[PDB]
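So that you can tell them apart, the chains are marked A, B, C, D and E in the order they are listed, and the count of residues begins at 1 in each.
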């Protein structure tokens, strides 16, 4: 899991049957200081996240249990402390 | 899943039986600004993608469901992209 | 598995059903000399770790064994380390 | 899957029971330009690859399907790879 | 799988039940020329490896009720890197 920020959204018509009715968001990985590093990822929205919102993204085989999905938002961050 | 652009194609005769009848494409990973970073990967085409087209690539165990030995495959062709900034 | 240090904690109300009643910690990956590298990860606490504690973090499908959406979780609290 | 070149081979007697009778090769990851980058990996040969040959390497859970402890294996030998630019 | 060198060992009492009676080693990832790169990982010893020994480490689901994602699966006898 990692902290990311919805940077945008991706639309695709000719996609896999398992991706039907899914919202594809562009999420940039953040650090502990909430500063975005170069990494960016296309994840599936499940909890219903909006732009600018900091979310918790689970990736890999774990993300399937939300599929050919390998990355999905599994929570919206309320607060963080370091 | 990441954004990629079909750079080319890979041909292989002596391959695994699970790769039978599969088109192996060369896909370079893109950023949010659609600028390709140094990373590149050989992925399996499933939706039927052509050269120069921006596609969505799924990797790992998820790509298998396209007993495969596939660990990366195209699962969609990008229609539009949207980067934003709020407030 | 890697060596990490509990930097902090993450709170989230609107999260996945599998994450209900879970402690989300911010763990920074350490080297063999216990020096934290730039990498940081949000992991689920299972053994009950506190701030400043050095823990062992398991990642991937192995982290599920804590149908979870978990891909990183603390699976042990380090007693001692040695680098011969 | 990525492009790699068989650099060498690794021998091990005291190994797992799933690695019995397996050829362990040292494969260095290549770019799309077939330039070897710093990455190197010990993969299991299945198609029968030799030194200097460019091969396709599958990694992760997919490599098990070659109770294996395999997480990286050669699943094909590259015949030709084409890079392109369109319009 | 990658080439690694047993740098040390990790001890933990409050660990997962699946990790009971397991030897946790500190393994530094090596290159083809056997020079250790910055990467380091805590792996589970299964074949019985000692310090300074070059071992083959399998990672991910392959290493596995286990929560193991990295384990030693062999001790390297010899290596060769044809140029």
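Odds and ends about this structure:
Following the convention adopted for this analysis, contacts are C-beta pairs under 8 Å (C-beta built on N, C-alpha and C of every residue); 3 or more make two chains touch, one makes a residue touch a chain.
Common neighbours of subunit B and subunit C under the contact definition above: A.
Relative orientation of subunit B and subunit D, expressed as the C-alpha superposition rotation angle, is 70° to the nearest 5. Subunit B and subunit E, compared by their mean Cα positions, are separated by 32 Å. With each centre defined as the average position of its C-alpha atoms, the distance from subunit A to subunit B rounds to 18 Å. Subunit E has residues 60-61, 63 in contact with two or more other chains. Chain contact topology: the protein chains form a single closed ring, every chain touching exactly two others.
Passing around the ring starting with subunit A, then subunit B, and so on, the chain order reads A, B, D, E, C. Here subunit A touches subunit C in the complex through residues 1-3, 31-32, 46-48, 56, 58-63, 65-66, 72, 74-82, going by the rule given at the top. By the touch criterion given at the top, residues 7-16, 18-19, 24, 26, 28, 38, 40-44, 60-61, 63-64, 67-72 of subunit C touch subunit A in their complex.
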